[PDB]
$ cat upload_16.txt   # compact mmCIF, N, CA and C atoms
# COMPACT_ATOMS: atom_id res chain seq x y z
N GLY A 1 -17.20 13.00 -27.11
CA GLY A 1 -18.20 12.48 -26.13
C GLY A 1 -19.46 11.97 -26.80
N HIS A 2 -19.32 11.51 -28.04
CA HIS A 2 -20.46 10.99 -28.79
C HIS A 2 -20.55 9.47 -28.66
N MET A 3 -21.20 9.01 -27.59
CA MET A 3 -21.36 7.59 -27.35
C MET A 3 -22.79 7.26 -26.96
N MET A 4 -23.29 6.12 -27.44
CA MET A 4 -24.65 5.69 -27.15
C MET A 4 -24.74 5.10 -25.74
N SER A 5 -23.88 4.13 -25.46
CA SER A 5 -23.86 3.48 -24.15
C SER A 5 -22.59 2.66 -23.97
N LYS A 6 -21.50 3.34 -23.62
CA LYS A 6 -20.22 2.68 -23.41
C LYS A 6 -19.54 3.19 -22.14
N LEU A 7 -18.82 2.30 -21.47
CA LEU A 7 -18.12 2.65 -20.24
C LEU A 7 -17.33 1.46 -19.70
N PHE A 8 -17.93 0.28 -19.79
CA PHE A 8 -17.28 -0.94 -19.31
C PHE A 8 -15.98 -1.18 -20.06
N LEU A 9 -15.97 -0.85 -21.35
CA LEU A 9 -14.78 -1.04 -22.18
C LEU A 9 -13.68 -0.04 -21.80
N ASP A 10 -14.07 1.06 -21.16
CA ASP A 10 -13.12 2.08 -20.75
C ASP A 10 -12.69 1.88 -19.29
N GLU A 11 -12.70 0.62 -18.85
CA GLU A 11 -12.32 0.30 -17.48
C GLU A 11 -11.34 -0.88 -17.45
N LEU A 12 -10.54 -1.00 -18.51
CA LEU A 12 -9.56 -2.07 -18.61
C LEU A 12 -8.58 -1.81 -19.75
N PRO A 13 -7.43 -2.51 -19.75
CA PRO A 13 -6.41 -2.34 -20.79
C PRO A 13 -6.99 -2.40 -22.20
N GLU A 14 -6.30 -1.77 -23.15
CA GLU A 14 -6.75 -1.74 -24.54
C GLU A 14 -6.75 -3.15 -25.13
N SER A 15 -5.83 -3.99 -24.67
CA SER A 15 -5.72 -5.36 -25.15
C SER A 15 -7.03 -6.12 -24.93
N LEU A 16 -7.64 -5.90 -23.77
CA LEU A 16 -8.90 -6.56 -23.44
C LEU A 16 -10.08 -5.87 -24.11
N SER A 17 -10.09 -4.54 -24.05
CA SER A 17 -11.17 -3.76 -24.66
C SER A 17 -11.28 -4.04 -26.15
N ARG A 18 -10.17 -4.47 -26.76
CA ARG A 18 -10.15 -4.76 -28.19
C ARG A 18 -10.83 -6.10 -28.48
N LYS A 19 -10.45 -7.13 -27.74
CA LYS A 19 -11.02 -8.46 -27.93
C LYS A 19 -12.49 -8.49 -27.51
N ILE A 20 -12.84 -7.63 -26.55
CA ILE A 20 -14.21 -7.56 -26.06
C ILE A 20 -15.09 -6.75 -27.01
N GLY A 21 -14.61 -5.57 -27.38
CA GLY A 21 -15.37 -4.71 -28.28
C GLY A 21 -15.70 -5.37 -29.60
N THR A 22 -14.86 -6.33 -30.01
CA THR A 22 -15.07 -7.03 -31.27
C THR A 22 -16.15 -8.10 -31.13
N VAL A 23 -16.16 -8.79 -29.99
CA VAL A 23 -17.14 -9.84 -29.74
C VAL A 23 -18.47 -9.25 -29.28
N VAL A 24 -18.40 -8.18 -28.50
CA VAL A 24 -19.60 -7.52 -28.00
C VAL A 24 -20.50 -7.07 -29.15
N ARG A 25 -19.89 -6.65 -30.25
CA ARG A 25 -20.63 -6.20 -31.42
C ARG A 25 -21.71 -7.21 -31.81
N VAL A 26 -21.41 -8.49 -31.58
CA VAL A 26 -22.34 -9.56 -31.90
C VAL A 26 -23.40 -9.70 -30.82
N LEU A 27 -22.97 -9.65 -29.56
CA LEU A 27 -23.89 -9.78 -28.43
C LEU A 27 -23.80 -8.58 -27.51
N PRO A 28 -24.37 -7.44 -27.93
CA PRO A 28 -24.37 -6.21 -27.12
C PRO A 28 -25.27 -6.34 -25.89
N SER A 29 -26.06 -7.41 -25.85
CA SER A 29 -26.97 -7.65 -24.74
C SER A 29 -26.40 -8.71 -23.80
N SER A 30 -25.66 -9.66 -24.35
CA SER A 30 -25.06 -10.73 -23.55
C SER A 30 -23.99 -10.16 -22.62
N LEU A 31 -23.09 -9.37 -23.19
CA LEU A 31 -22.01 -8.77 -22.41
C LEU A 31 -22.56 -7.93 -21.25
N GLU A 32 -23.82 -7.53 -21.35
CA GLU A 32 -24.45 -6.73 -20.31
C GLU A 32 -24.66 -7.55 -19.05
N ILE A 33 -25.08 -8.80 -19.22
CA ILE A 33 -25.32 -9.69 -18.09
C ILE A 33 -24.00 -10.03 -17.39
N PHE A 34 -22.99 -10.39 -18.17
CA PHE A 34 -21.69 -10.73 -17.62
C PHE A 34 -21.06 -9.53 -16.92
N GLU A 35 -21.40 -8.33 -17.39
CA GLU A 35 -20.87 -7.11 -16.80
C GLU A 35 -21.24 -7.02 -15.33
N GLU A 36 -22.46 -7.42 -15.00
CA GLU A 36 -22.94 -7.39 -13.63
C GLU A 36 -22.42 -8.60 -12.85
N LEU A 37 -22.10 -9.67 -13.57
CA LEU A 37 -21.60 -10.89 -12.95
C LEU A 37 -20.21 -10.66 -12.35
N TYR A 38 -19.31 -10.10 -13.14
CA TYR A 38 -17.95 -9.83 -12.68
C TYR A 38 -17.96 -8.83 -11.52
N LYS A 39 -18.90 -7.90 -11.56
CA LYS A 39 -19.02 -6.88 -10.52
C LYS A 39 -19.50 -7.50 -9.21
N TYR A 40 -20.32 -8.54 -9.32
CA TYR A 40 -20.85 -9.23 -8.15
C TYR A 40 -19.72 -9.80 -7.30
N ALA A 41 -18.81 -10.52 -7.95
CA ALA A 41 -17.68 -11.13 -7.25
C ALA A 41 -16.69 -10.06 -6.78
N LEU A 42 -16.63 -8.95 -7.50
CA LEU A 42 -15.73 -7.86 -7.15
C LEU A 42 -16.02 -7.34 -5.75
N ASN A 43 -17.30 -7.05 -5.49
CA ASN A 43 -17.72 -6.54 -4.19
C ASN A 43 -17.62 -7.63 -3.12
N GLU A 44 -17.77 -8.88 -3.55
CA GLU A 44 -17.70 -10.02 -2.63
C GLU A 44 -16.36 -10.03 -1.89
N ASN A 45 -15.33 -9.48 -2.51
CA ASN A 45 -14.00 -9.43 -1.91
C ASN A 45 -14.04 -8.71 -0.56
N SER A 46 -14.94 -7.75 -0.44
CA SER A 46 -15.08 -6.99 0.80
C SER A 46 -16.55 -6.85 1.20
N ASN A 47 -16.87 -7.30 2.40
CA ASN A 47 -18.24 -7.22 2.90
C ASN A 47 -18.28 -6.67 4.32
N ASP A 48 -18.86 -5.48 4.48
CA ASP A 48 -18.96 -4.85 5.78
C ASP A 48 -19.76 -5.71 6.75
N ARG A 49 -19.94 -5.22 7.97
CA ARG A 49 -20.68 -5.94 8.99
C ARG A 49 -22.05 -5.30 9.22
N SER A 50 -23.11 -6.03 8.87
CA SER A 50 -24.47 -5.53 9.04
C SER A 50 -25.23 -6.37 10.06
N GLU A 51 -25.40 -7.65 9.76
CA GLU A 51 -26.11 -8.56 10.66
C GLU A 51 -25.58 -9.98 10.52
N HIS A 52 -24.40 -10.23 11.09
CA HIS A 52 -23.78 -11.55 11.04
C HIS A 52 -23.49 -11.96 9.60
N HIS A 53 -22.22 -12.24 9.32
CA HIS A 53 -21.81 -12.64 7.98
C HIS A 53 -21.80 -14.16 7.85
N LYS A 54 -22.63 -14.67 6.94
CA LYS A 54 -22.72 -16.11 6.71
C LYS A 54 -21.98 -16.51 5.44
N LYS A 55 -21.25 -17.62 5.51
CA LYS A 55 -20.49 -18.12 4.36
C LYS A 55 -19.69 -19.36 4.73
N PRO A 56 -18.79 -19.25 5.73
CA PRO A 56 -17.97 -20.39 6.17
C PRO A 56 -18.80 -21.49 6.81
N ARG A 57 -19.00 -22.57 6.07
CA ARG A 57 -19.78 -23.70 6.56
C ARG A 57 -18.92 -24.61 7.44
N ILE A 58 -19.55 -25.24 8.42
CA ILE A 58 -18.84 -26.14 9.33
C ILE A 58 -19.56 -27.48 9.44
N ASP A 59 -18.78 -28.56 9.48
CA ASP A 59 -19.34 -29.90 9.59
C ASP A 59 -20.04 -30.09 10.93
N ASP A 60 -19.26 -30.03 12.01
CA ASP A 60 -19.80 -30.20 13.35
C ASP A 60 -20.22 -28.85 13.94
N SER A 61 -21.29 -28.86 14.72
CA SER A 61 -21.80 -27.65 15.35
C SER A 61 -21.94 -27.82 16.86
N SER A 62 -22.22 -26.73 17.55
CA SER A 62 -22.38 -26.76 19.00
C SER A 62 -23.39 -25.72 19.46
N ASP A 63 -23.25 -24.50 18.96
CA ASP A 63 -24.15 -23.42 19.32
C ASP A 63 -24.24 -22.38 18.20
N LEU A 64 -24.95 -21.29 18.46
CA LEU A 64 -25.11 -20.23 17.47
C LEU A 64 -24.11 -19.10 17.72
N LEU A 65 -22.89 -19.47 18.09
CA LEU A 65 -21.84 -18.49 18.35
C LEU A 65 -22.25 -17.56 19.48
N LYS A 66 -21.41 -16.56 19.75
CA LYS A 66 -21.68 -15.59 20.80
C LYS A 66 -22.92 -14.76 20.48
N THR A 67 -23.96 -14.92 21.29
CA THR A 67 -25.20 -14.18 21.09
C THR A 67 -26.01 -14.13 22.38
N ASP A 68 -25.84 -13.05 23.14
CA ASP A 68 -26.56 -12.89 24.40
C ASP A 68 -27.72 -11.90 24.24
N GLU A 69 -27.40 -10.71 23.76
CA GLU A 69 -28.42 -9.67 23.55
C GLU A 69 -28.26 -9.01 22.19
N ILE A 70 -29.09 -8.01 21.92
CA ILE A 70 -29.04 -7.30 20.65
C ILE A 70 -28.99 -5.79 20.87
N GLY B 1 -32.98 -31.70 -20.74
CA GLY B 1 -33.15 -33.03 -20.10
C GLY B 1 -32.44 -33.14 -18.76
N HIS B 2 -32.39 -32.02 -18.04
CA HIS B 2 -31.74 -31.99 -16.74
C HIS B 2 -30.25 -32.32 -16.87
N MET B 3 -29.41 -31.34 -16.56
CA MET B 3 -27.96 -31.53 -16.64
C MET B 3 -27.41 -32.08 -15.33
N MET B 4 -26.30 -32.81 -15.42
CA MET B 4 -25.67 -33.39 -14.24
C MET B 4 -24.79 -32.36 -13.53
N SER B 5 -25.39 -31.62 -12.60
CA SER B 5 -24.67 -30.61 -11.85
C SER B 5 -24.11 -29.54 -12.78
N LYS B 6 -23.86 -28.35 -12.22
CA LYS B 6 -23.32 -27.25 -13.00
C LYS B 6 -22.43 -26.35 -12.14
N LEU B 7 -21.54 -25.61 -12.79
CA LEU B 7 -20.63 -24.72 -12.08
C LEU B 7 -20.72 -23.30 -12.64
N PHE B 8 -20.48 -22.32 -11.77
CA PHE B 8 -20.53 -20.92 -12.18
C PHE B 8 -21.90 -20.57 -12.77
N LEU B 9 -22.92 -21.29 -12.33
CA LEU B 9 -24.28 -21.07 -12.82
C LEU B 9 -25.31 -21.41 -11.75
N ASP B 10 -25.12 -22.56 -11.10
CA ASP B 10 -26.03 -23.01 -10.05
C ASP B 10 -25.76 -22.27 -8.75
N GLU B 11 -24.49 -22.00 -8.48
CA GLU B 11 -24.10 -21.29 -7.26
C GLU B 11 -24.50 -19.83 -7.32
N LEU B 12 -23.88 -19.09 -8.24
CA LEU B 12 -24.18 -17.67 -8.41
C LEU B 12 -25.69 -17.45 -8.56
N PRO B 13 -26.15 -16.18 -8.55
CA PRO B 13 -27.57 -15.86 -8.69
C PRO B 13 -28.23 -16.64 -9.82
N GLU B 14 -28.82 -17.78 -9.48
CA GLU B 14 -29.49 -18.63 -10.46
C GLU B 14 -30.53 -17.85 -11.25
N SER B 15 -31.05 -16.78 -10.66
CA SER B 15 -32.06 -15.95 -11.31
C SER B 15 -31.54 -15.43 -12.65
N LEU B 16 -30.30 -14.96 -12.65
CA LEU B 16 -29.69 -14.43 -13.87
C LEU B 16 -29.19 -15.56 -14.76
N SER B 17 -28.58 -16.57 -14.14
CA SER B 17 -28.04 -17.71 -14.88
C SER B 17 -29.08 -18.29 -15.84
N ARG B 18 -30.35 -18.12 -15.50
CA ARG B 18 -31.44 -18.63 -16.33
C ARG B 18 -31.39 -18.01 -17.73
N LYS B 19 -31.17 -16.70 -17.78
CA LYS B 19 -31.09 -15.99 -19.05
C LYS B 19 -29.72 -16.17 -19.70
N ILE B 20 -28.69 -16.34 -18.88
CA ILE B 20 -27.34 -16.53 -19.38
C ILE B 20 -27.23 -17.81 -20.21
N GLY B 21 -27.71 -18.91 -19.64
CA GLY B 21 -27.66 -20.19 -20.33
C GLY B 21 -28.17 -20.12 -21.75
N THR B 22 -29.34 -19.51 -21.93
CA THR B 22 -29.94 -19.39 -23.26
C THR B 22 -29.05 -18.58 -24.19
N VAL B 23 -28.34 -17.60 -23.63
CA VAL B 23 -27.45 -16.76 -24.42
C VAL B 23 -26.13 -17.46 -24.69
N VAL B 24 -25.61 -18.16 -23.69
CA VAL B 24 -24.34 -18.87 -23.82
C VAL B 24 -24.34 -19.79 -25.04
N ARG B 25 -25.52 -20.32 -25.38
CA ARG B 25 -25.66 -21.21 -26.52
C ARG B 25 -25.16 -20.54 -27.80
N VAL B 26 -25.39 -19.23 -27.91
CA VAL B 26 -24.97 -18.48 -29.08
C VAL B 26 -23.48 -18.12 -29.01
N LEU B 27 -23.05 -17.63 -27.85
CA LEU B 27 -21.65 -17.25 -27.67
C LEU B 27 -20.97 -18.12 -26.62
N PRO B 28 -20.63 -19.37 -26.98
CA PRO B 28 -19.96 -20.30 -26.07
C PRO B 28 -18.49 -19.92 -25.86
N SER B 29 -17.95 -19.14 -26.78
CA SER B 29 -16.56 -18.70 -26.71
C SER B 29 -16.45 -17.35 -26.02
N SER B 30 -17.41 -16.47 -26.29
CA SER B 30 -17.41 -15.13 -25.69
C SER B 30 -17.38 -15.23 -24.17
N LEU B 31 -18.28 -16.04 -23.61
CA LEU B 31 -18.36 -16.22 -22.17
C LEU B 31 -17.00 -16.58 -21.58
N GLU B 32 -16.21 -17.32 -22.35
CA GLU B 32 -14.88 -17.73 -21.91
C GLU B 32 -14.01 -16.52 -21.61
N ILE B 33 -14.24 -15.43 -22.33
CA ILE B 33 -13.47 -14.21 -22.13
C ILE B 33 -13.86 -13.52 -20.83
N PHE B 34 -15.17 -13.33 -20.63
CA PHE B 34 -15.67 -12.69 -19.43
C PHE B 34 -15.31 -13.50 -18.19
N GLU B 35 -15.21 -14.82 -18.35
CA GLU B 35 -14.87 -15.70 -17.25
C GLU B 35 -13.50 -15.35 -16.68
N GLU B 36 -12.55 -15.08 -17.57
CA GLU B 36 -11.20 -14.72 -17.17
C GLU B 36 -11.15 -13.27 -16.68
N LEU B 37 -12.11 -12.47 -17.13
CA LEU B 37 -12.18 -11.06 -16.75
C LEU B 37 -12.55 -10.91 -15.28
N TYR B 38 -13.62 -11.60 -14.87
CA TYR B 38 -14.08 -11.53 -13.49
C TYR B 38 -13.02 -12.08 -12.54
N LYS B 39 -12.29 -13.10 -12.99
CA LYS B 39 -11.25 -13.71 -12.19
C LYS B 39 -10.03 -12.79 -12.09
N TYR B 40 -9.80 -12.01 -13.14
CA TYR B 40 -8.68 -11.09 -13.18
C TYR B 40 -8.86 -9.97 -12.16
N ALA B 41 -10.03 -9.34 -12.18
CA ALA B 41 -10.34 -8.26 -11.26
C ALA B 41 -10.23 -8.72 -9.81
N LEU B 42 -10.53 -9.99 -9.58
CA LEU B 42 -10.46 -10.56 -8.24
C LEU B 42 -9.05 -10.45 -7.67
N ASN B 43 -8.07 -10.89 -8.45
CA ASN B 43 -6.67 -10.84 -8.03
C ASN B 43 -6.20 -9.40 -7.87
N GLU B 44 -6.87 -8.48 -8.56
CA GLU B 44 -6.52 -7.06 -8.50
C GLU B 44 -6.71 -6.51 -7.08
N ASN B 45 -7.45 -7.24 -6.25
CA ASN B 45 -7.71 -6.82 -4.88
C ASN B 45 -6.42 -6.39 -4.18
N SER B 46 -5.30 -6.97 -4.61
CA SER B 46 -4.00 -6.64 -4.02
C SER B 46 -3.33 -5.52 -4.81
N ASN B 47 -2.34 -4.88 -4.18
CA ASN B 47 -1.62 -3.79 -4.82
C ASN B 47 -0.11 -3.94 -4.63
N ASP B 48 0.66 -3.12 -5.32
CA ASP B 48 2.11 -3.16 -5.23
C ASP B 48 2.61 -2.23 -4.13
N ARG B 49 2.20 -2.50 -2.90
CA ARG B 49 2.60 -1.68 -1.76
C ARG B 49 4.10 -1.82 -1.48
N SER B 50 4.53 -1.34 -0.32
CA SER B 50 5.94 -1.41 0.06
C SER B 50 6.81 -0.63 -0.92
N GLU B 51 7.42 0.44 -0.43
CA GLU B 51 8.29 1.27 -1.26
C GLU B 51 9.74 1.17 -0.81
N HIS B 52 9.98 1.43 0.48
CA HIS B 52 11.32 1.36 1.04
C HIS B 52 11.55 0.02 1.74
N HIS B 53 10.87 -1.01 1.28
CA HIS B 53 10.99 -2.34 1.86
C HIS B 53 10.51 -2.36 3.31
N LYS B 54 9.77 -1.33 3.71
CA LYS B 54 9.25 -1.24 5.07
C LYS B 54 10.39 -1.17 6.09
N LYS B 55 10.30 -0.20 7.00
CA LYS B 55 11.32 -0.03 8.03
C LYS B 55 10.94 1.12 8.97
N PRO B 56 10.83 2.35 8.44
CA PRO B 56 10.48 3.52 9.24
C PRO B 56 8.99 3.56 9.59
N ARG B 57 8.68 4.14 10.74
CA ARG B 57 7.29 4.24 11.19
C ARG B 57 7.12 5.41 12.16
N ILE B 58 7.00 6.61 11.60
CA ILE B 58 6.83 7.81 12.41
C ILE B 58 5.58 8.58 12.00
N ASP B 59 4.88 9.12 12.98
CA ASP B 59 3.66 9.89 12.72
C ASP B 59 3.64 11.18 13.54
N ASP B 60 3.91 11.05 14.83
CA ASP B 60 3.93 12.21 15.73
C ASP B 60 5.03 12.07 16.77
N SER B 61 6.11 11.40 16.40
CA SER B 61 7.24 11.20 17.31
C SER B 61 8.51 11.81 16.74
N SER B 62 8.83 13.02 17.18
CA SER B 62 10.02 13.72 16.71
C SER B 62 11.00 13.95 17.86
N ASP B 63 12.05 13.13 17.91
CA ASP B 63 13.06 13.24 18.96
C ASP B 63 12.46 12.98 20.33
N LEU B 64 13.07 12.06 21.08
CA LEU B 64 12.59 11.72 22.41
C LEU B 64 13.76 11.46 23.36
N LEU B 65 14.87 12.16 23.13
CA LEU B 65 16.06 12.01 23.96
C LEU B 65 15.97 12.90 25.20
N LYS B 66 16.85 12.65 26.16
CA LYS B 66 16.87 13.43 27.39
C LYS B 66 18.29 13.54 27.94
N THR B 67 18.94 12.39 28.12
CA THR B 67 20.30 12.36 28.63
C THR B 67 21.25 13.11 27.71
N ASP B 68 21.13 12.86 26.41
CA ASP B 68 21.98 13.51 25.42
C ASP B 68 21.17 14.49 24.57
N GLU B 69 21.70 15.69 24.39
CA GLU B 69 21.03 16.72 23.60
C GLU B 69 22.04 17.73 23.07
N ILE B 70 22.62 18.52 23.97
CA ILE B 70 23.60 19.53 23.58
C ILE B 70 22.97 20.60 22.70
$ encode --input "upload_16.txt" --output "structure tokens"
Amino acid sequence: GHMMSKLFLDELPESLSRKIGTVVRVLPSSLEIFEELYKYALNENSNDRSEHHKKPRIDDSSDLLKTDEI
Amino acid sequence: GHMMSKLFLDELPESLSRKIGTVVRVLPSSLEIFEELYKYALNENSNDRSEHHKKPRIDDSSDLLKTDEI
């Protein structure tokens, strides 16, 4: 359990952790940004309902969908 | 000198992309790896369900005959 700051590499096949661990050595700070990038899209796969989900754009419009009260 | 449109940088959180671009200059190949990583996890959203090819569906229904019993 003697590690400075590792965990992302322990969340995927050894084949990937090998090619990554070798390149990361050069950019231990760059891989940090991408680490959050891949996670961003990961959660995007599932989004609960809080206050109307926006994403699907439409060419023609008519109204603001069903909205009578709150 | 202002680039002609961009992908996977202008859409996503441009706030972070700002620091990524400067880093990408150093590791133009490394980013290529993380690019496939984020896309890989995306497809992972699915699983290898179905065991018996789907058919049975019982939860709280044990025998419901009447005419025949013996």
$ closest_atom_pairs --input "upload_16.txt" --of "range 31-55 of chain B" --to "range 33-51 of chain A" --cutoff "6.5 Å" --atoms "only N, CA and C atoms" --output "CSV"
residue,atom,partner,partner_atom,distance
B:37,C,A:38,CA,6.1
B:38,CA,A:38,CA,4.3
B:41,C,A:42,CA,6.2
B:42,CA,A:42,CA,6.0
$ calpha_fit_rmsd --input "upload_16.txt" --fixed "chain B" --moving "chain A"
10.1 Å
$ atom_distance --input "upload_16.txt" --atom1 "atom C of residue 15 in chain A" --atom2 "CA of residue 30 in chain B"
13.8 Å
$ select_by_dssp --input "upload_16.txt" --residues "chain B" --states "alpha helix (DSSP H)" --output "MDAnalysis selection string"
chainID B and resid 14:24 30:43
$ write_last_selection --input "upload_16.txt" --atoms "N, CA and C atoms" --output "PDB file, in the coordinates of the input"
ATOM      1  N   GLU B  14     -28.820 -17.780  -9.480  1.00  0.00           N
ATOM      2  CA  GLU B  14     -29.490 -18.630 -10.460  1.00  0.00           C
ATOM      3  C   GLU B  14     -30.530 -17.850 -11.250  1.00  0.00           C
ATOM      4  N   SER B  15     -31.050 -16.780 -10.660  1.00  0.00           N
ATOM      5  CA  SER B  15     -32.060 -15.950 -11.310  1.00  0.00           C
ATOM      6  C   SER B  15     -31.540 -15.430 -12.650  1.00  0.00           C
ATOM      7  N   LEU B  16     -30.300 -14.960 -12.650  1.00  0.00           N
ATOM      8  CA  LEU B  16     -29.690 -14.430 -13.870  1.00  0.00           C
ATOM      9  C   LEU B  16     -29.190 -15.560 -14.760  1.00  0.00           C
ATOM     10  N   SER B  17     -28.580 -16.570 -14.140  1.00  0.00           N
ATOM     11  CA  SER B  17     -28.040 -17.710 -14.880  1.00  0.00           C
ATOM     12  C   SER B  17     -29.080 -18.290 -15.840  1.00  0.00           C
ATOM     13  N   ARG B  18     -30.350 -18.120 -15.500  1.00  0.00           N
ATOM     14  CA  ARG B  18     -31.440 -18.630 -16.330  1.00  0.00           C
ATOM     15  C   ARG B  18     -31.390 -18.010 -17.730  1.00  0.00           C
ATOM     16  N   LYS B  19     -31.170 -16.700 -17.780  1.00  0.00           N
ATOM     17  CA  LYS B  19     -31.090 -15.990 -19.050  1.00  0.00           C
ATOM     18  C   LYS B  19     -29.720 -16.170 -19.700  1.00  0.00           C
ATOM     19  N   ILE B  20     -28.690 -16.340 -18.880  1.00  0.00           N
ATOM     20  CA  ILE B  20     -27.340 -16.530 -19.380  1.00  0.00           C
ATOM     21  C   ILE B  20     -27.230 -17.810 -20.210  1.00  0.00           C
ATOM     22  N   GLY B  21     -27.710 -18.910 -19.640  1.00  0.00           N
ATOM     23  CA  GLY B  21     -27.660 -20.190 -20.330  1.00  0.00           C
ATOM     24  C   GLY B  21     -28.170 -20.120 -21.750  1.00  0.00           C
ATOM     25  N   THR B  22     -29.340 -19.510 -21.930  1.00  0.00           N
ATOM     26  CA  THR B  22     -29.940 -19.390 -23.260  1.00  0.00           C
ATOM     27  C   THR B  22     -29.050 -18.580 -24.190  1.00  0.00           C
ATOM     28  N   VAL B  23     -28.340 -17.600 -23.630  1.00  0.00           N
ATOM     29  CA  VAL B  23     -27.450 -16.760 -24.420  1.00  0.00           C
ATOM     30  C   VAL B  23     -26.130 -17.460 -24.690  1.00  0.00           C
ATOM     31  N   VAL B  24     -25.610 -18.160 -23.690  1.00  0.00           N
ATOM     32  CA  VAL B  24     -24.340 -18.870 -23.820  1.00  0.00           C
ATOM     33  C   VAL B  24     -24.340 -19.790 -25.040  1.00  0.00           C
ATOM     34  N   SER B  30     -17.410 -16.470 -26.290  1.00  0.00           N
ATOM     35  CA  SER B  30     -17.410 -15.130 -25.690  1.00  0.00           C
ATOM     36  C   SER B  30     -17.380 -15.230 -24.170  1.00  0.00           C
ATOM     37  N   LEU B  31     -18.280 -16.040 -23.610  1.00  0.00           N
ATOM     38  CA  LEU B  31     -18.360 -16.220 -22.170  1.00  0.00           C
ATOM     39  C   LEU B  31     -17.000 -16.580 -21.580  1.00  0.00           C
ATOM     40  N   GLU B  32     -16.210 -17.320 -22.350  1.00  0.00           N
ATOM     41  CA  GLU B  32     -14.880 -17.730 -21.910  1.00  0.00           C
ATOM     42  C   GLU B  32     -14.010 -16.520 -21.610  1.00  0.00           C
ATOM     43  N   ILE B  33     -14.240 -15.430 -22.330  1.00  0.00           N
ATOM     44  CA  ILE B  33     -13.470 -14.210 -22.130  1.00  0.00           C
ATOM     45  C   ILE B  33     -13.860 -13.520 -20.830  1.00  0.00           C
ATOM     46  N   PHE B  34     -15.170 -13.330 -20.630  1.00  0.00           N
ATOM     47  CA  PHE B  34     -15.670 -12.690 -19.430  1.00  0.00           C
ATOM     48  C   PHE B  34     -15.310 -13.500 -18.190  1.00  0.00           C
ATOM     49  N   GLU B  35     -15.210 -14.820 -18.350  1.00  0.00           N
ATOM     50  CA  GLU B  35     -14.870 -15.700 -17.250  1.00  0.00           C
ATOM     51  C   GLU B  35     -13.500 -15.350 -16.680  1.00  0.00           C
ATOM     52  N   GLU B  36     -12.550 -15.080 -17.570  1.00  0.00           N
ATOM     53  CA  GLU B  36     -11.200 -14.720 -17.170  1.00  0.00           C
ATOM     54  C   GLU B  36     -11.150 -13.270 -16.680  1.00  0.00           C
ATOM     55  N   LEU B  37     -12.110 -12.470 -17.130  1.00  0.00           N
ATOM     56  CA  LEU B  37     -12.180 -11.060 -16.750  1.00  0.00           C
ATOM     57  C   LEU B  37     -12.550 -10.910 -15.280  1.00  0.00           C
ATOM     58  N   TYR B  38     -13.620 -11.600 -14.870  1.00  0.00           N
ATOM     59  CA  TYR B  38     -14.080 -11.530 -13.490  1.00  0.00           C
ATOM     60  C   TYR B  38     -13.020 -12.080 -12.540  1.00  0.00           C
ATOM     61  N   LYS B  39     -12.290 -13.100 -12.990  1.00  0.00           N
ATOM     62  CA  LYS B  39     -11.250 -13.710 -12.190  1.00  0.00           C
ATOM     63  C   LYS B  39     -10.030 -12.790 -12.090  1.00  0.00           C
ATOM     64  N   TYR B  40      -9.800 -12.010 -13.140  1.00  0.00           N
ATOM     65  CA  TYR B  40      -8.680 -11.090 -13.180  1.00  0.00           C
ATOM     66  C   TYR B  40      -8.860  -9.970 -12.160  1.00  0.00           C
ATOM     67  N   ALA B  41     -10.030  -9.340 -12.180  1.00  0.00           N
ATOM     68  CA  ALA B  41     -10.340  -8.260 -11.260  1.00  0.00           C
ATOM     69  C   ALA B  41     -10.230  -8.720  -9.810  1.00  0.00           C
ATOM     70  N   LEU B  42     -10.530  -9.990  -9.580  1.00  0.00           N
ATOM     71  CA  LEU B  42     -10.460 -10.560  -8.240  1.00  0.00           C
ATOM     72  C   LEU B  42      -9.050 -10.450  -7.670  1.00  0.00           C
ATOM     73  N   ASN B  43      -8.070 -10.890  -8.450  1.00  0.00           N
ATOM     74  CA  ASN B  43      -6.670 -10.840  -8.030  1.00  0.00           C
ATOM     75  C   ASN B  43      -6.200  -9.400  -7.870  1.00  0.00           C
TER      76      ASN B  43
END
$ closest_residue --input "upload_16.txt" --among "B:70, B:31, B:3, B:64" --to "chain A" --atoms "all atoms listed in the file"
B:31
$ atom_distance --input "upload_16.txt" --atom1 "atom C of residue 20 in chain A" --atom2 "atom C of residue 22 in chain B"
18.5 Å
$ closest_residue --input "upload_16.txt" --among "B:55, B:21, B:68, B:6" --to "chain A" --atoms "only C-alpha atoms"
B:21
$ atom_distance --input "upload_16.txt" --atom1 "CA of residue 29 in chain A" --atom2 "atom N of residue 11 in chain A"
17.5 Å
$ closest_residue --input "upload_16.txt" --among "A:5, A:67, A:61, A:17" --to "chain B" --atoms "only C-alpha atoms"
A:17
$ closest_residue --input "upload_16.txt" --among "A:58, A:4, A:9, A:23" --to "chain B" --atoms "all atoms listed in the file"
A:23
$ closest_residue --input "upload_16.txt" --among "B:69, B:7, B:12, B:57" --to "chain A" --atoms "only C-alpha atoms"
B:12
$ closest_residue --input "upload_16.txt" --among "A:65, A:54, A:14, A:24" --to "chain B" --atoms "only N, CA and C atoms"
A:24
$ decode --input "upload_16.txt" --residues "range 45-49 of chain A" --atoms "N, CA and C atoms" --output "PDB file, in the first residue's frame"
ATOM      1  N   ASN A  45     -23.965   9.535 -19.562  1.00  0.00           N
ATOM      2  CA  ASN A  45     -24.754   8.397 -20.022  1.00  0.00           C
ATOM      3  C   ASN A  45     -26.075   8.309 -19.263  1.00  0.00           C
ATOM      4  N   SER A  46     -26.061   8.740 -18.007  1.00  0.00           N
ATOM      5  CA  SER A  46     -27.258   8.711 -17.173  1.00  0.00           C
ATOM      6  C   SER A  46     -27.434  10.028 -16.426  1.00  0.00           C
ATOM      7  N   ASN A  47     -28.585  10.663 -16.616  1.00  0.00           N
ATOM      8  CA  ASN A  47     -28.876  11.931 -15.958  1.00  0.00           C
ATOM      9  C   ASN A  47     -30.272  11.918 -15.344  1.00  0.00           C
ATOM     10  N   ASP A  48     -30.329  11.975 -14.016  1.00  0.00           N
ATOM     11  CA  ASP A  48     -31.604  11.970 -13.306  1.00  0.00           C
ATOM     12  C   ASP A  48     -32.451  13.176 -13.700  1.00  0.00           C
ATOM     13  N   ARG A  49     -33.629  13.286 -13.097  1.00  0.00           N
ATOM     14  CA  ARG A  49     -34.535  14.392 -13.384  1.00  0.00           C
ATOM     15  C   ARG A  49     -34.559  15.391 -12.231  1.00  0.00           C
TER      16      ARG A  49
END
